[PDB]
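Take a look at the structure set out below.
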Number of protein chains: 4
Amino acid sequence: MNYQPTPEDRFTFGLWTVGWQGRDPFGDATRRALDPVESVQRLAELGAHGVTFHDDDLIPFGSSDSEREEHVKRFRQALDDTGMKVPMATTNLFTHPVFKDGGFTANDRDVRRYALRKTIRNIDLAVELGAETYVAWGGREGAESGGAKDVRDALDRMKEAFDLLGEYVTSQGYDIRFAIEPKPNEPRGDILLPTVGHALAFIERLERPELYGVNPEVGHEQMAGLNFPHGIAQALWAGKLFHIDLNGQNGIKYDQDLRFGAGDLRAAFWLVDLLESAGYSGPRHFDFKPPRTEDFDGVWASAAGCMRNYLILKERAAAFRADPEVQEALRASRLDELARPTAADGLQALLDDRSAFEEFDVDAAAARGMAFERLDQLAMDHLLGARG
Amino acid sequence: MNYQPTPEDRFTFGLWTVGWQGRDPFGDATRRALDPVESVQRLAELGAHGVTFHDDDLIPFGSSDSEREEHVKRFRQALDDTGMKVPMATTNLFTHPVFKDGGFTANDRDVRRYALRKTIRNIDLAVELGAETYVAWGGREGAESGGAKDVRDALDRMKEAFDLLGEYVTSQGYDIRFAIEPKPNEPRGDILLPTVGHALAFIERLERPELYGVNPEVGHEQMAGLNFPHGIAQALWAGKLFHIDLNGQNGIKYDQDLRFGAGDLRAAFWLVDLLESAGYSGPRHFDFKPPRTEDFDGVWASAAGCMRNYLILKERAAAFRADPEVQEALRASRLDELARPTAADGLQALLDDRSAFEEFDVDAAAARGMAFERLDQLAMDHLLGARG
Amino acid sequence: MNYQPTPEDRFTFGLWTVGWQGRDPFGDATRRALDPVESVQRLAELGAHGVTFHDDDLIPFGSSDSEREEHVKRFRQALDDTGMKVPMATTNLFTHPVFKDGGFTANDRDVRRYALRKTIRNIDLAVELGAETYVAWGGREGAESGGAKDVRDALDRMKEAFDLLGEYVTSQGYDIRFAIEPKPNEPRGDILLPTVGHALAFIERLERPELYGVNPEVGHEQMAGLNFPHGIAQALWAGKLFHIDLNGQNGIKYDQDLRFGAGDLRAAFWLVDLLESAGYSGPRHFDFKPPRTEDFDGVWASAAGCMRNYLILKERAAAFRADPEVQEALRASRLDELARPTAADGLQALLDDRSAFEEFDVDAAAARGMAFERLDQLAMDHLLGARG
Amino acid sequence: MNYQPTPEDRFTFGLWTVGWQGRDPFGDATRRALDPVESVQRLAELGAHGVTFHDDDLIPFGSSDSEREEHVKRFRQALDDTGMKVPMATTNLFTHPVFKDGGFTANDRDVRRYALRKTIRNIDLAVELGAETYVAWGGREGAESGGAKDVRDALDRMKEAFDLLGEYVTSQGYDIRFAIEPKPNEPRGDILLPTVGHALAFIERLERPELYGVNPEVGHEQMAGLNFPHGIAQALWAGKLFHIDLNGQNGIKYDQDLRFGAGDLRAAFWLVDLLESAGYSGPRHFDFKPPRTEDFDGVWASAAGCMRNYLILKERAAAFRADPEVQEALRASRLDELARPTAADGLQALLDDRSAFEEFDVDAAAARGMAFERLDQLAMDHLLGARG
Ligand SMILES: OC[C@H]1O[C@H](O)[C@H](O)[C@@H](O)[C@@H]1O
Ligand SMILES: OC[C@H]1O[C@H](O)[C@H](O)[C@@H](O)[C@@H]1O
Ligand SMILES: OC[C@H]1O[C@H](O)[C@H](O)[C@@H](O)[C@@H]1O
Ligand SMILES: OC[C@H]1O[C@H](O)[C@H](O)[C@@H](O)[C@@H]1O
Ligand SMILES: [Mn+2]
Ligand SMILES: [Mn+2]
Ligand SMILES: [Mn+2]
Ligand SMILES: [Mn+2]
Ligand SMILES: [Mn+2]
Ligand SMILES: [Mn+2]
Ligand SMILES: [Mn+2]
Ligand SMILES: [Mn+2]
């Protein structure tokens, strides 16, 4: 009873994840820097499907065009050698001091122009390497104080940036879509578009909404105390789940980025249940940090437990949905009735229906139990492999 | 130096606010029930502009059509006697046991039909009394466990309900718009459409989006640790701030509904600054609970401090924006540059602009301070009336 | 592979738990009131060991001494008929309006005297029924605003109340100990002694500290975002874990009181691991609310899943600690070294030890990985019954 | 109406505060390193009383004994030149990789011995420079996973470390006391002794409790959603407020360390009210980070606003307590009765007092309002300088 990943499971990892040297706000690095080509090789051996990158993970900031080409060639050789793909890429608009007040919504106009040029350069590279999704995380877009940022003007600037990027892609004829990744705070006191809902809403105001979706992250919605499976369900309902970041988080605090399955384990179960039953077919991407307590052996153990926990939860969610006793419980709780239209008969028929109001027996309806606790204990028993 | 409300300030109160008897999850009522006509008279004397109501606040659940007409006539006489208006109304789809699994997204279809009929009956009354906004708070729409609610099916049911309501209003030719009020949790373990962003996003999928906006509440966004002024700015940017609920909240915990100005006082300052500078012209509605420690004298004192604190903050925000020294600080922090287009010259010009990349001096730009702390201390000094 | 409780597992339930009628801040009761004798009989059939009570759960507030004796006689007959015990009792100092500003720390002196008399009356009854622990939950002790409560004076009043109760018990020669139950907020805006640490600290200032310990609750420490197993470890270290309340909670929000095992499932695992390895021998008490969605069938299903989840977690924690591979991992992570004294050789020897400073190789020590992620994945695999 | 600090106000600053270069988990430094002698001179000009330091702030890690003496001599000259004092010192047991699993509670014994030697070396220096308080912040003492740390063994190790430090000080005859600074999380997933209450409780188990108190920090208790003034009141009640860290925090999230007065402004008001009315006489120490958006002008502006906001709040709290109308309101709310003993007449008299139970009119007592909202609005009006 083991749980071995293959490239067909579509598991991906950012370079910055296994590559995190362990520098935190209070401490120095505990691990040496990893060569991207070493991470590609090590992740391939563990059964991953591919890797993702920020521009600056792959090509050191300020590299000359000759060093750039060299970094890319070595990387490309490692992909060729391993069969690893690059399904997603993104921009670092957060590390360099120039970005201390944001990239696309910096108060300084010149910075905002530079942010766009830096992004466009990396869209070209991403396309070259075969990425289908381009992620935007505006971790520096926000404020620590109320007068520093007019948020209406800042959303104008953010719309302008994303519209220019959509013009660029369509003008180049690229097959690439954008995914906005929300986070509510950290490193800014408050970040703009802080949740999946705020990002979904914003997208509907862009000039070409069909080019944009979301890249939600488990731990970021949980930093606002929100139900991650519920947020993903809304993104799926809107047709905007382009990509996803998988990890774990213990409640409302700094962004922990624990390996997937740590943190809120029942939420991880209901997330896998949803992705698998909705048939999500994008990458299963891990955005996690091996704790700085670990050496490189602990790094690869942590990355392997990401994949393992996904597969165990997949098996338990599938057993849950396949169990006849669960299917009967779902009927008992009227999940079947939730899926039926309230009033396919139309408004006028509803208005004329005395059984909907005038003659509706509200006490009899009130008295019916929902049988949710029995259903939830079956879900617990399935998760724990304790079906008796 | 006093701060007296008049009806022209557009201050409104729910019947359920000053009428809260003080029943909490752990204790009995501490105050007797108020007659709606007494609350109308007492609020008029304090300088309020109008009141709002749930159906069941005004007409006892299960009232006959004769008792109904009587309740409404007495109410209407009190409005006539005082000049009070009714700008907003809403439905109770949360108290009665029949609603224990939701109204519009209850698993039982019959309940969902009943929820719609109950709502439509009250839209007619609201129109009769002159309301312009109809609020929907789905406090029972959600779940305590993951298998109880398929959230894609539940959003289908929620869309269906709101589309039927928009069909009704347009068929009747009513001048009334809908406002969805988000809350992240309580009384359900997780509530659907938990934040302003999730509600804005959902609205874009309705058949007639122009009929729907949001009614955000200070304390509800703060129950997710979010920046309320930032959420309001996004609602204003989308053109969807139809109504607002004003109160206070101390951080992430149960819904406190303190009087406005209690809770996060700096957030209240930045909220008033925004509403006044954006020229919001709807009601300034208070959804608050006088603490159950209070007798009726404490009730009216609490309601009066709601209005007082709004007026004091209005004065301090106006003094802030009018101060030449603040105007200079805003320029120093490049708020003027945030309001200018990043690239009105267009994409091609941006791509050809060497000063945006090839020759952009990133260290010089990085070195410029934002001068945000000096700006924020001027804002503090203005709030505290300590300008030296 | 089933998990059947017997009275020997020491599982107990408050009357108020299965008896909760489902009244919440926003809704009416969904269930009829249960007779205490029915709950005793139903819990006995499920395998419970005993029940606990507030005074007012058992004897209706304001009962005459004749009704009192009658309520107690019927109760006592049900205990005799079932073999159920009563290991713990407590006082309701929170429901009645008189307690709206607290019991022991109400500003009104007369209320504080009444709170003490009401408590003492119930200590006598508790002793009569064989309780060994008397719990105090000061849910009304606190404030919504800063000037309402001088907290130094309020701690004086709280000390005075607990000292008088300790004088009473010792004067009567009773064998009963007190346990303070912390909660950080709700129903008061902030509650005094909000966490296990604050209660432990307070106890050290009482006249007879040996009479007092803590009754921590899973969901209450999690309402402050704290690690419940860590808080219990500190209570065990102090010798003050007199009693415990078991339930589940999804993060920082209102007090959910979900059945045990819901909420934070990994925390529940580490809690059971600790209680079992420290050999806690008190009651395993459930303070939970069957969700108001449920009818009485759902009530008893929820109570049975409390016990079931405890037993499953007990089995998985025991398998974890017994696994040789885990024992090797614990050594790899130097848990054995944590249990050894840092400096049993004494201060002077430490000062003279050059290998502790002058010649300590800090880079070699820094380079050693802690191997925590491999250990934590073994714990995950054990929890999920996925050991491969 | 200005608010100028002098050395007599006892305002102090850590070297690491104005010296923070702005490195965060996601970005590089935005400011150059400050010489400690420059910070001493600049803080003296702003009206500060003194500075505090970690060992490694003052003497670069790994410095030779000759460089050490040089660093100290230059520092000492700057103190002499300015009249600045050093009232507090502390140890860095968090930055160096060797401390990745803790200092005093690292699993590796050798690390724990090294942590103690490093600490003792700095106690000698602190004494030399005149510090009266030695702070311990165990930011690396904790865990990200449940099996990594046995918390009973870890509290044994923590007790052992603090007892050895108390033996050292008493053996040397030093006049220095210890203050433990709690924090609930960050950089560890959970930190041991996470709140003021947990630290107070732990202290009572040390061999010489009179040597130890707490150094609470505004933003750290707020990272658990707790009421900071209430926690300080308990520390004052226990006689353990040895030192305090002043700053601001917006709710439950990463540790922001905003300047004092930012964050929760009403909490800052009630804190100053308490410190001033209890007559706290230790340093008013600021542990804050000027946001990384700022240049050095913004650094000194931020440090000056710390002091300014303290003085403005001091004035408003003093005006509040001195107002006759407030004094009358406090009586109306029975704050005077809270300060009187509940039962100075003793237990037996209480038991015999029929007016305390048998003849206590609970409805009349319940009906009395507490008049807390009127009191709290007077406090608001005083804070805002809006007394009408
Ligand atoms: O978008 C790219 C990634 O950028 C940064 O590494 C963020 O911390 C991570 O959350 C995000 O996914
Ligand atoms: O929508 C109507 C109102 O309904 C209920 O009273 C809710 O608690 C309140 O938040 C909401 O504003
Ligand atoms: O102390 C007795 C019990 O009293 C109340 O029911 C509280 O809600 C519960 O937390 C507590 O355990
Ligand atoms: O104890 C010394 C100081 O050490 C570190 O700088 C901590 O971040 C700060 O909170 C603490 O006060
Ligand atoms: Mn993250
Ligand atoms: Mn991410
Ligand atoms: Mn509310
Ligand atoms: Mn509301
Ligand atoms: Mn509880
Ligand atoms: Mn409890
Ligand atoms: Mn801090
Ligand atoms: Mn500090």
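A note on labels: chains of the structure tokens are A, B, ... as shown, every chain counts residues from 1, and ligands are counted from 1 in their shown order.
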
Step by step, measure atom-to-atom distances between ligand 1 and each residue using only C-alpha atoms and all ligand atoms, keep those at most 6 Å, then write them as an MDAnalysis selection string. chainID A and resid 90 135:137

Go ahead and write the selection's residues with N, CA, C and O atoms as a PDB file, in the first residue's frame.
ATOM      1  N   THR A  90       6.550  32.992 -13.928  1.00  0.00           N
ATOM      2  CA  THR A  90       6.087  34.214 -13.230  1.00  0.00           C
ATOM      3  C   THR A  90       7.250  35.184 -13.140  1.00  0.00           C
ATOM      4  O   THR A  90       8.410  34.881 -13.522  1.00  0.00           O
ATOM      5  N   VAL A 135       1.831  33.357 -14.053  1.00  0.00           N
ATOM      6  CA  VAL A 135       1.230  33.786 -12.768  1.00  0.00           C
ATOM      7  C   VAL A 135       1.673  35.205 -12.397  1.00  0.00           C
ATOM      8  O   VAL A 135       2.835  35.548 -12.622  1.00  0.00           O
ATOM      9  N   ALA A 136       0.754  35.978 -11.808  1.00  0.00           N
ATOM     10  CA  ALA A 136       1.094  37.307 -11.244  1.00  0.00           C
ATOM     11  C   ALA A 136       0.755  37.258  -9.751  1.00  0.00           C
ATOM     12  O   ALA A 136      -0.413  37.021  -9.382  1.00  0.00           O
ATOM     13  N   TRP A 137       1.759  37.429  -8.875  1.00  0.00           N
ATOM     14  CA  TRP A 137       1.536  37.586  -7.432  1.00  0.00           C
ATOM     15  C   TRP A 137       1.961  39.023  -7.047  1.00  0.00           C
ATOM     16  O   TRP A 137       3.193  39.241  -7.076  1.00  0.00           O
TER      17      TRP A 137
END

Within 6 Å of ligand 6, which residues show up when you count only C-alpha atoms and all ligand atoms? List them as a PyMOL selection string, please. chain A and resi 217+245+287

Go through segment 138-242 of chain A and collect every residue that DSSP, computed from the backbone, puts in alpha helix (DSSP H); the answer should be as a ChimeraX atom specification. /A:151-172,196-203,218-222,228-237

Select, as a PyMOL selection string, those residues of chain C with any atom no more than 7 Å from chain B (distances computed using only C-alpha atoms). chain C and resi 23-30+94-97+100-101+186-187+252-254+292-293

Please identify all protein, DNA and RNA residues within 9 Å of ligand 10, counting only C-alpha atoms and all ligand atoms, and report them as number ranges by chain. C: 137, 181-183, 215-220, 244-247, 257, 286-288

Could you pull out all residues of segment 17-257 of chain C with a DSSP call of strand (DSSP E or B) and give them as number ranges by chain? C: 24, 27, 50-54, 85-90, 133-136, 142-143, 177-180, 190-191, 212-214, 217, 241, 245-246, 248

For N, CA and C atoms, I'd like the residues from the last selection saved as a CSV table (one decimal), in the first residue's frame.
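That gives us again18.csv:
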chain,number,residue,atom,x,y,z
C,24,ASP,N,-29.2,30.0,18.7
C,24,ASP,CA,-27.8,30.6,18.4
C,24,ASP,C,-28.1,32.1,18.4
C,27,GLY,N,-31.0,32.6,15.7
C,27,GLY,CA,-32.1,31.7,15.4
C,27,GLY,C,-32.7,31.0,16.6
C,50,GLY,N,-20.1,8.8,32.3
C,50,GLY,CA,-20.8,9.7,33.2
C,50,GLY,C,-21.2,11.0,32.6
C,51,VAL,N,-21.8,11.8,33.4
C,51,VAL,CA,-22.3,13.1,32.8
C,51,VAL,C,-21.8,14.2,33.8
C,52,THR,N,-21.9,15.4,33.4
C,52,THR,CA,-21.7,16.6,34.2
C,52,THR,C,-22.8,17.6,34.0
C,53,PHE,N,-22.8,18.6,34.9
C,53,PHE,CA,-24.0,19.5,34.9
C,53,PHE,C,-23.6,20.8,35.5
C,54,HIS,N,-24.2,21.9,35.0
C,54,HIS,CA,-24.5,23.1,35.7
C,54,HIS,C,-25.7,22.9,36.6
C,85,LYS,N,-21.7,7.8,36.3
C,85,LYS,CA,-21.1,8.7,37.4
C,85,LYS,C,-21.3,10.1,37.1
C,86,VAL,N,-21.0,11.0,38.1
C,86,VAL,CA,-21.0,12.4,37.9
C,86,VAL,C,-19.6,12.9,38.5
C,87,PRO,N,-18.6,13.0,37.6
C,87,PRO,CA,-17.3,13.3,38.1
C,87,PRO,C,-17.0,14.8,38.2
C,88,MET,N,-17.8,15.6,37.6
C,88,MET,CA,-17.6,17.1,37.6
C,88,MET,C,-18.9,17.8,37.7
C,89,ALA,N,-18.9,18.9,38.3
C,89,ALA,CA,-20.1,19.8,38.3
C,89,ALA,C,-19.6,21.3,38.2
C,90,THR,N,-20.5,22.2,37.9
C,90,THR,CA,-20.2,23.6,37.7
C,90,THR,C,-21.4,24.4,38.0
C,133,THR,N,-14.3,17.1,40.9
C,133,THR,CA,-13.8,18.4,40.3
C,133,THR,C,-15.0,19.3,40.1
C,134,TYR,N,-14.7,20.6,40.5
C,134,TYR,CA,-15.7,21.6,40.4
C,134,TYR,C,-15.2,22.6,39.4
C,135,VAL,N,-15.8,22.8,38.2
C,135,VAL,CA,-15.3,23.7,37.2
C,135,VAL,C,-15.9,25.1,37.3
C,136,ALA,N,-15.0,26.1,37.1
C,136,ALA,CA,-15.4,27.5,37.0
C,136,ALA,C,-15.1,28.1,35.6
C,142,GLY,N,-15.4,40.1,32.3
C,142,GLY,CA,-14.6,40.8,31.2
C,142,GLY,C,-15.3,42.2,30.9
C,143,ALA,N,-15.1,42.5,29.6
C,143,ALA,CA,-15.6,43.9,29.2
C,143,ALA,C,-15.7,44.0,27.7
C,177,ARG,N,-11.8,19.4,44.2
C,177,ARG,CA,-10.8,20.4,43.7
C,177,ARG,C,-11.4,21.3,42.7
C,178,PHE,N,-10.8,22.5,42.5
C,178,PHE,CA,-11.4,23.5,41.5
C,178,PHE,C,-10.7,23.4,40.2
C,179,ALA,N,-11.3,23.7,39.1
C,179,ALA,CA,-10.6,23.8,37.8
C,179,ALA,C,-11.1,25.0,37.1
C,180,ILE,N,-10.2,25.9,36.7
C,180,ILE,CA,-10.7,27.2,36.0
C,180,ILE,C,-10.6,26.8,34.5
C,190,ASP,N,-13.8,40.8,25.7
C,190,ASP,CA,-12.6,40.1,26.1
C,190,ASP,C,-13.0,39.6,27.5
C,191,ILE,N,-12.5,38.3,27.7
C,191,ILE,CA,-12.8,37.6,29.0
C,191,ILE,C,-11.5,37.6,29.8
C,212,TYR,N,-6.4,24.2,43.2
C,212,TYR,CA,-6.9,24.7,41.9
C,212,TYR,C,-6.1,24.3,40.8
C,213,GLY,N,-6.7,23.9,39.7
C,213,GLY,CA,-6.0,23.6,38.4
C,213,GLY,C,-6.8,24.2,37.3
C,214,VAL,N,-6.6,23.6,36.1
C,214,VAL,CA,-7.2,24.2,34.9
C,214,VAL,C,-8.1,23.1,34.3
C,217,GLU,N,-10.0,23.9,27.2
C,217,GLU,CA,-10.9,23.4,26.2
C,217,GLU,C,-10.2,23.5,24.8
C,241,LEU,N,-3.3,19.8,35.3
C,241,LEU,CA,-4.3,19.3,34.4
C,241,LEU,C,-5.4,18.5,35.2
C,245,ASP,N,-11.7,19.6,28.5
C,245,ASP,CA,-12.8,19.6,27.6
C,245,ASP,C,-12.4,19.4,26.1
C,246,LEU,N,-13.1,18.3,25.6
C,246,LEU,CA,-12.7,17.9,24.2
C,246,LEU,C,-13.7,18.3,23.2
C,248,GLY,N,-13.9,20.3,18.8
C,248,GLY,CA,-13.2,20.8,17.7
C,248,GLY,C,-13.7,22.2,17.3

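Between atom CA of residue 239 of chain C and atom CA of residue 211 of chain C there is a distance of 11.5 Å.
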
Counting only C-alpha atoms, what is within 12 Å of segment 315-327 of chain B, bar same-chain residues fewer than 5 positions away, as a PyMOL selection string? (chain A and resi 146-148) or (chain B and resi 1-3+266-277+308-310+332-336+371-372+374-388) or (chain D and resi 384-386)

What does the file look like for those residues with C-alpha atoms, as a JSON list (two decimals), in the first residue's frame?
[["chain", "number", "residue", "atom", "x", "y", "z"],
["A", 146, "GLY", "CA", -4.14, 54.57, 4.88],
["A", 147, "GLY", "CA", -2.87, 57.73, 3.10],
["A", 148, "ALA", "CA", -0.01, 56.02, 1.21],
["B", 1, "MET", "CA", -17.52, 72.17, 19.26],
["B", 2, "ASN", "CA", -20.41, 69.81, 18.92],
["B", 3, "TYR", "CA", -21.51, 67.38, 16.35],
["B", 266, "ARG", "CA", -8.07, 54.32, 12.50],
["B", 267, "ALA", "CA", -9.99, 52.12, 10.00],
["B", 268, "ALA", "CA", -13.14, 54.14, 10.78],
["B", 269, "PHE", "CA", -11.17, 57.35, 9.96],
["B", 270, "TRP", "CA", -9.91, 56.02, 6.63],
["B", 271, "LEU", "CA", -13.42, 54.73, 5.82],
["B", 272, "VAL", "CA", -15.05, 58.12, 6.39],
["B", 273, "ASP", "CA", -12.25, 59.80, 4.40],
["B", 274, "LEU", "CA", -13.03, 57.49, 1.49],
["B", 275, "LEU", "CA", -16.85, 57.70, 1.58],
["B", 276, "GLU", "CA", -16.68, 61.49, 1.75],
["B", 277, "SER", "CA", -13.99, 61.93, -0.87],
["B", 308, "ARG", "CA", -21.45, 61.52, 16.77],
["B", 309, "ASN", "CA", -18.38, 59.45, 15.87],
["B", 310, "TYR", "CA", -19.22, 59.61, 12.16],
["B", 332, "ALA", "CA", 6.22, 63.96, -1.62],
["B", 333, "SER", "CA", 4.90, 60.41, -1.49],
["B", 334, "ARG", "CA", 3.95, 60.55, -5.19],
["B", 335, "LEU", "CA", 0.19, 60.02, -4.76],
["B", 336, "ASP", "CA", -0.12, 62.36, -7.76],
["B", 371, "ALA", "CA", 7.98, 59.36, 2.96],
["B", 372, "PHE", "CA", 4.90, 57.36, 4.09],
["B", 374, "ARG", "CA", 5.67, 61.36, 7.81],
["B", 375, "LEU", "CA", 2.36, 61.33, 5.91],
["B", 376, "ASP", "CA", 0.87, 58.79, 8.33],
["B", 377, "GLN", "CA", 1.90, 60.88, 11.38],
["B", 378, "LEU", "CA", 0.16, 63.91, 9.87],
["B", 379, "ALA", "CA", -2.94, 61.70, 9.54],
["B", 380, "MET", "CA", -2.54, 60.68, 13.22],
["B", 381, "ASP", "CA", -2.12, 64.26, 14.34],
["B", 382, "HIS", "CA", -5.27, 65.25, 12.41],
["B", 383, "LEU", "CA", -7.31, 62.36, 13.85],
["B", 384, "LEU", "CA", -6.29, 63.25, 17.42],
["B", 385, "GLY", "CA", -6.74, 67.02, 16.90],
["B", 386, "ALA", "CA", -3.04, 67.41, 17.80],
["B", 387, "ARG", "CA", -1.82, 69.44, 14.89],
["B", 388, "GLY", "CA", 1.42, 71.09, 15.89],
["D", 384, "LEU", "CA", -10.42, 62.62, 19.91],
["D", 385, "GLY", "CA", -10.25, 65.96, 21.77],
["D", 386, "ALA", "CA", -13.98, 66.38, 21.02]]

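Among D:18, D:339, D:158, D:111, the residue with the shortest atom-to-atom distance to residue 368 of chain C, counting only C-alpha atoms, is D:111.
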